[PDB]
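Below: the structure, in structure tokens.
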Amino acid sequence: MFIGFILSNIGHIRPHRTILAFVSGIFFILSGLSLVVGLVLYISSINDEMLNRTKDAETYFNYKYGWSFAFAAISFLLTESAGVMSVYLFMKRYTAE
Amino acid sequence: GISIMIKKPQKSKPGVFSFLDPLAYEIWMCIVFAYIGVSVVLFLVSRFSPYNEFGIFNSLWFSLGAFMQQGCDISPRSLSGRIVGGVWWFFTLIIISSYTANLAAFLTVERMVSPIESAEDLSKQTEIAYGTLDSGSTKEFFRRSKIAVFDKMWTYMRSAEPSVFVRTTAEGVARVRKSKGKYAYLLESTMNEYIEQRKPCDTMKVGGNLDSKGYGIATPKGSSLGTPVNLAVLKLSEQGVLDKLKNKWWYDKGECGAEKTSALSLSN
Amino acid sequence: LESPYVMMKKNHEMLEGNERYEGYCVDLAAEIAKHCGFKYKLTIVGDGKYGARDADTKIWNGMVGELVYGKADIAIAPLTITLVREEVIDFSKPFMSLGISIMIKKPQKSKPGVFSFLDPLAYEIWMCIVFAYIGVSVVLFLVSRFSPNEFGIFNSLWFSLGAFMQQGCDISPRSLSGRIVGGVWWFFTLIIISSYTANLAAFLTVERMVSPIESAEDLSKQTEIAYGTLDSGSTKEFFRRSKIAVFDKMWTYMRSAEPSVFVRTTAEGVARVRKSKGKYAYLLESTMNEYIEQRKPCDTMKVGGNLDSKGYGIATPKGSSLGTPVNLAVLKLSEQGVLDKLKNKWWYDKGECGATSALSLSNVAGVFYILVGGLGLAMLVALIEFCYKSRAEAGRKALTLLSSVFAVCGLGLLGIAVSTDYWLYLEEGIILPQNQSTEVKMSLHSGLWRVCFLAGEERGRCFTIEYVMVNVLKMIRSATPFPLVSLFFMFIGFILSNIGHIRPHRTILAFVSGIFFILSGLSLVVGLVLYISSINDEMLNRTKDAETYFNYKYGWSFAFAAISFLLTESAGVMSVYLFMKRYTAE
Amino acid sequence: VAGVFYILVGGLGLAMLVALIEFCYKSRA
Amino acid sequence: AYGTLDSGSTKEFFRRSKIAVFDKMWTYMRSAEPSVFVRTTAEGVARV
Amino acid sequence: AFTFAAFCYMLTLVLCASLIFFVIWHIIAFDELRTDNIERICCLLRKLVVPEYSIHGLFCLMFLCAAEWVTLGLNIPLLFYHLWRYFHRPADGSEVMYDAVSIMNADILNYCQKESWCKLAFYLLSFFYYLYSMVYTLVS
């Protein structure tokens, strides 16, 4: 996402360079695709541990996601939405070229 | 008698390819090669005696579309082509109805099994490490044993690092409950069947007794108790009293008694 | 003389002395002799018994009575340590431990059928689906190539085979006449496939809810598998005296059940395990149970831990000078492992047998055979299309003769079937235990109108309706009119066909007759459904009737009625294809 | 599953009568 | 959990009992120590 | 009985049965070039070349995954025979695959003729090889 923001801003302050724009656009989705496996392997590992509760009657366990988990998940929405519209920038600039 | 103590097997740990369990791995190979088998035959039949649209690339996409229950934009327009599509549509109907109906049998009926059920089975494993006590008649049994299997179990733990022998029975029961099913401790079978009936209710006895020995009521050599005690043990045993006093302390005064359907987690 | 303990060698008589015998206890004898210092000399006990006090005469017998009363010094033999023997003889510590255990038949795994995927729906459904699929496609041909094109009889079969297999349809009806036929076939294929998947999940679950016998508490619960003990010995007397809750339930069972579960020989009780197909669970002692397992063709198996704890022992008379060195020889041999070696040699190393929760390719195997048989069929058709297209490069007549013959043979096959009484074969009777033979007591070969017995109490006499006076009589009489209407519409359809043929101008007599050929077939489906529904409804009231059996079987008139469905539809569409050409040529 | 065969054949016969109505209406008018 | 009054014929029934079902009930209530032996009708209705 | 190995023999049986029709088609196609149409025979042979190699290329992957080491070992030297045959005329004018570069290929006409009998040799050998081998596996 940071590399994708680098080539986006210099694609914006230098609007001639269309190839810097669209390739940056790919990094916005590859952030989000990595973030899904980020969330899956996180949530997989939490569920794998709780399955070894060793049946523990009269005991209890409880897990609960917080607000940084929500900010990480909302970030998935933004990087994809900024992803497609960075490509829709390349859709118009290559057309207007 | 000497017997094997393992931690009681839990539910699972869902693998990465755990969803492939309702159909055996020979079916998932016979699905992949039938899909390529149908796509080749559909290609051949479409080219010869034409109508066109079905190259090899579209015949891989028609027969993938038909397997995933989502039939595509193009369909064959010939009697020789529709037989290929027709019998492949009946194949995916039965296979996906067999995947669903077997997966619903898994989740309904939990049936947990054991890794090892013998000392012969333990002899060939090398992922579960054994253990005895560092000085006692259990260790000395394997040392002098010569028959077939107990030699092999000795030569392992004689050699195996990090020195699987423990030096207290409470330590060995601890290393069963801590090593997550990688440790099988070799106890006398009166001590397995007692700890199996104690909270945490965490361990289990597997297999049969490896040797045979007994308990005894001792007296001095010449005492006048020696003869009536001997005929009392045989009198108590035949009435059923000695079998009843075991069930009272082992299997009645023990905490461990004798389907919840957890929702599918993301790990499955 | 008992195996494996002491047996005669093959090579005896030409042998004499101690060297006639082989087995466990003649190997154990040569070990205690080496330790104690004997010069031993085996005999065999004269009687052939172990030992018991004859309560009338108070006289012992067997190996206990041979050394209480004289002529023996030692008794190296399976002499169980009991109290009534211990009062007169002098046992060693046990050289072998044992107990009562459970002998059942080795489960004998079952290769599933080739077409066992067709089991969740009974074959009367798989028959009527194929009858429905031809039934819909001809109607969908009719109702769409009559109103205002692309729905010929070749494409209408591919719509309906598209819609049944849940795959999408390339074309779709664009008429309210056609969109009802598409609508009711989409609801038919939704209930059927939800009934296949659901009943298959009821097969595979209930198969997974079957736990085998691996305990006494497991075997205590059931009543389908018979228990069994020797009728004279400590095994029967164990459960009598027993005051443990599990063995209370076992003795309460075996006290009252009268196919006899009390055998009076070891050898016969092993047979009733072998020839009763997992319906017998003979309670043997754990040393004969582990031996018979490792023997002659490996049909039996030991399940569960031992019920009690017993032991064997040597037996010196009462006060002999080899009563203490024999006790210290057993406890020396038990620790060196010699007593565990001599058991493995005779039970296992001289043995005669030997030492997944997923669908495999044996369950769904017919779908691969239909797939390969389908791809093989298609290239056979593809070679026909290749040759016939080159022959095409290098009408009224053909359709006429095919429609007429399929009409009159449709008359013939149904006309025989509506009269001749060979529809159903009912065969109820009784079954017999201990041989499993299937005694017939009542056969029948009735039909639609006139019932006929064949061997029921050897009645060779037929019957009829007669409002006369176990089965019922008014079960076929429900779906009586629909085979009769199958005559009416087909005969009327043949009337207007023939005068349409001998007067070829009258096209309106032809096509309307064509409708009656399908309406015969549509009435014949409900003819077959309500017939087969009524037969299945009666058999569900079997009133659970254990040890009884019922059996039903369709005949040849049922086949002629069902083949008539194929003909009336095929003559149906081609009578319309006559109207397709004549109205065109007009 | 017997009523599904009854709804089917009842659904087929109901659909022929539509085409019997539809043809009669069309050809006249 | 089962439960009987700790003083009365209801408790003394299972003690003397030699029927297989009530054997298992008395064997249970003999040894379980959150206390299943109430000593009033009114309190035992509450624990239901 | 029915295992993954046995299905691979059933599937290559039904695919080799088209390979023996691939030969009966082109041996009459080669021979009518002798008795006559050299352009239209040359293009009709072209569109049936890439089916032959790639179907046989499937077979090598099939018995490799089937762990039939023997039956793999048979047609790997046929695959070399096929793979070596790929690059011999690489100045082709973008045409699909073999026997069209010099389009009136008539000079040798035997290096194509020895193949047409070599194709019929192993493929008729295969159809009776894979027929016995599947029946071997099923009853075993």
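Order determines the names: the first chain of the structure tokens is A, the second B, and so forth; residues in each chain are numbered 1 upward, and ligands are numbered 1 upward as they are shown.
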Original post:
If we count only C-alpha atoms, what is near residue C:296 at a cut-off of 10 Å, once residues fewer than 6 positions away on the same chain are taken out, given as a ChimeraX atom specification?
Top reply: /C:351-353
Could you please take those selected residues and save N, CA, C and O atoms as a PDB file, in the first residue's frame?
```
ATOM      1  N   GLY C 351       0.705 -69.975  14.758  1.00  0.00           N
ATOM      2  CA  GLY C 351      -0.660 -69.640  14.424  1.00  0.00           C
ATOM      3  C   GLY C 351      -0.990 -69.927  12.979  1.00  0.00           C
ATOM      4  O   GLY C 351      -0.141 -70.409  12.226  1.00  0.00           O
ATOM      5  N   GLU C 352      -2.220 -69.634  12.575  1.00  0.00           N
ATOM      6  CA  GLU C 352      -2.649 -70.033  11.248  1.00  0.00           C
ATOM      7  C   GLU C 352      -3.499 -68.925  10.620  1.00  0.00           C
ATOM      8  O   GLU C 352      -4.318 -69.172   9.731  1.00  0.00           O
ATOM      9  N   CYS C 353      -3.320 -67.686  11.072  1.00  0.00           N
ATOM     10  CA  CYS C 353      -4.015 -66.577  10.428  1.00  0.00           C
ATOM     11  C   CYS C 353      -3.063 -65.515   9.903  1.00  0.00           C
ATOM     12  O   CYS C 353      -3.141 -65.127   8.735  1.00  0.00           O
TER      13      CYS C 353
END
```
Which residues are close to residue C:537, i.e. within 12 Å by only C-alpha atoms, leaving aside same-chain residues fewer than 2 positions away? Reply as a PDB file with N, CA and C atoms, in the first residue's frame.
```pdb
ATOM      1  N   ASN C 471     -52.765 -59.939   3.253  1.00  0.00           N
ATOM      2  CA  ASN C 471     -52.961 -58.833   2.326  1.00  0.00           C
ATOM      3  C   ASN C 471     -54.383 -58.284   2.356  1.00  0.00           C
ATOM      4  N   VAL C 472     -54.663 -57.325   1.475  1.00  0.00           N
ATOM      5  CA  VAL C 472     -55.983 -56.727   1.316  1.00  0.00           C
ATOM      6  C   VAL C 472     -56.352 -57.073  -0.129  1.00  0.00           C
ATOM      7  N   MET C 475     -56.528 -52.837  -3.078  1.00  0.00           N
ATOM      8  CA  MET C 475     -55.355 -51.978  -3.192  1.00  0.00           C
ATOM      9  C   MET C 475     -55.031 -51.673  -4.650  1.00  0.00           C
ATOM     10  N   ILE C 476     -55.208 -52.652  -5.540  1.00  0.00           N
ATOM     11  CA  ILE C 476     -55.023 -52.444  -6.969  1.00  0.00           C
ATOM     12  C   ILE C 476     -56.236 -51.727  -7.536  1.00  0.00           C
ATOM     13  N   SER C 478     -57.805 -49.177  -6.675  1.00  0.00           N
ATOM     14  CA  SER C 478     -57.669 -47.734  -6.774  1.00  0.00           C
ATOM     15  C   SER C 478     -57.303 -47.321  -8.194  1.00  0.00           C
ATOM     16  N   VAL C 529     -48.143 -44.644 -11.350  1.00  0.00           N
ATOM     17  CA  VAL C 529     -47.770 -44.035 -10.069  1.00  0.00           C
ATOM     18  C   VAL C 529     -48.739 -44.460  -8.974  1.00  0.00           C
ATOM     19  N   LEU C 530     -50.041 -44.292  -9.222  1.00  0.00           N
ATOM     20  CA  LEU C 530     -51.050 -44.597  -8.210  1.00  0.00           C
ATOM     21  C   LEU C 530     -51.151 -46.099  -7.966  1.00  0.00           C
ATOM     22  N   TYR C 531     -50.763 -46.902  -8.958  1.00  0.00           N
ATOM     23  CA  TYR C 531     -50.606 -48.334  -8.732  1.00  0.00           C
ATOM     24  C   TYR C 531     -49.450 -48.606  -7.784  1.00  0.00           C
ATOM     25  N   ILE C 532     -48.272 -48.071  -8.105  1.00  0.00           N
ATOM     26  CA  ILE C 532     -47.075 -48.353  -7.320  1.00  0.00           C
ATOM     27  C   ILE C 532     -47.123 -47.620  -5.978  1.00  0.00           C
ATOM     28  N   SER C 533     -47.865 -46.510  -5.908  1.00  0.00           N
ATOM     29  CA  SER C 533     -48.094 -45.854  -4.624  1.00  0.00           C
ATOM     30  C   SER C 533     -48.928 -46.730  -3.699  1.00  0.00           C
ATOM     31  N   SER C 534     -49.962 -47.367  -4.249  1.00  0.00           N
ATOM     32  CA  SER C 534     -50.878 -48.154  -3.432  1.00  0.00           C
ATOM     33  C   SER C 534     -50.228 -49.443  -2.944  1.00  0.00           C
ATOM     34  N   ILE C 535     -49.298 -49.996  -3.725  1.00  0.00           N
ATOM     35  CA  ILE C 535     -48.596 -51.202  -3.297  1.00  0.00           C
ATOM     36  C   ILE C 535     -47.623 -50.873  -2.172  1.00  0.00           C
ATOM     37  N   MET C 539     -47.563 -52.210   2.136  1.00  0.00           N
ATOM     38  CA  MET C 539     -46.407 -52.890   2.715  1.00  0.00           C
ATOM     39  C   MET C 539     -45.816 -52.137   3.897  1.00  0.00           C
ATOM     40  N   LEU C 540     -46.114 -50.842   3.991  1.00  0.00           N
ATOM     41  CA  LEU C 540     -45.710 -50.058   5.144  1.00  0.00           C
ATOM     42  C   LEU C 540     -46.479 -50.471   6.392  1.00  0.00           C
ATOM     43  N   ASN C 541     -47.687 -51.011   6.230  1.00  0.00           N
ATOM     44  CA  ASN C 541     -48.408 -51.635   7.331  1.00  0.00           C
ATOM     45  C   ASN C 541     -48.063 -53.120   7.375  1.00  0.00           C
ATOM     46  N   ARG C 542     -46.787 -53.438   7.588  1.00  0.00           N
ATOM     47  CA  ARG C 542     -46.346 -54.807   7.801  1.00  0.00           C
ATOM     48  C   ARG C 542     -46.472 -55.207   9.269  1.00  0.00           C
TER      49      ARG C 542
ATOM     50  N   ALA D   2     -44.947 -38.857  -4.328  1.00  0.00           N
ATOM     51  CA  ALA D   2     -45.983 -39.212  -5.281  1.00  0.00           C
ATOM     52  C   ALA D   2     -46.833 -38.035  -5.683  1.00  0.00           C
TER      53      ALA D   2
END
```
Subject >> Spatial neighbours of residue B:67, 10 Å, only C-alpha atoms, chain gap at least 5 places, as a ChimeraX atom specification >> reply: /B:31,35,61-62,88-93,95-96 /C:167
**OP:** Taking the DSSP assignment computed from this structure's backbone, write out as a PyMOL selection string all residues of stretch 46-135 of chain C that belong to strand (DSSP E or B).
**Re:** chain C and resi 54+59+78+90-91+97-98+100-105
**OP:** Using DSSP on the backbone coordinates, identify the residues of chain F assigned to alpha helix (DSSP H); present them as JSON, numbers by chain.
**Re:** {"F": [4, 5, 6, 7, 8, 9, 10, 11, 12, 13, 14, 15, 16, 17, 18, 19, 20, 21, 22, 23, 24, 25, 26, 27, 28, 29, 30, 31, 32, 33, 34, 38, 39, 40, 41, 42, 43, 44, 45, 46, 50, 51, 52, 53, 54, 55, 56, 57, 58, 59, 60, 61, 62, 63, 64, 65, 69, 70, 71, 72, 73, 74, 75, 76, 77, 78, 79, 80, 81, 82, 83, 84, 85, 86, 113, 114, 115, 116, 117, 118, 119, 120, 121, 122, 123, 124, 125, 126, 127, 128, 129, 130, 131, 132, 133, 134, 135, 136, 137, 138, 139]}
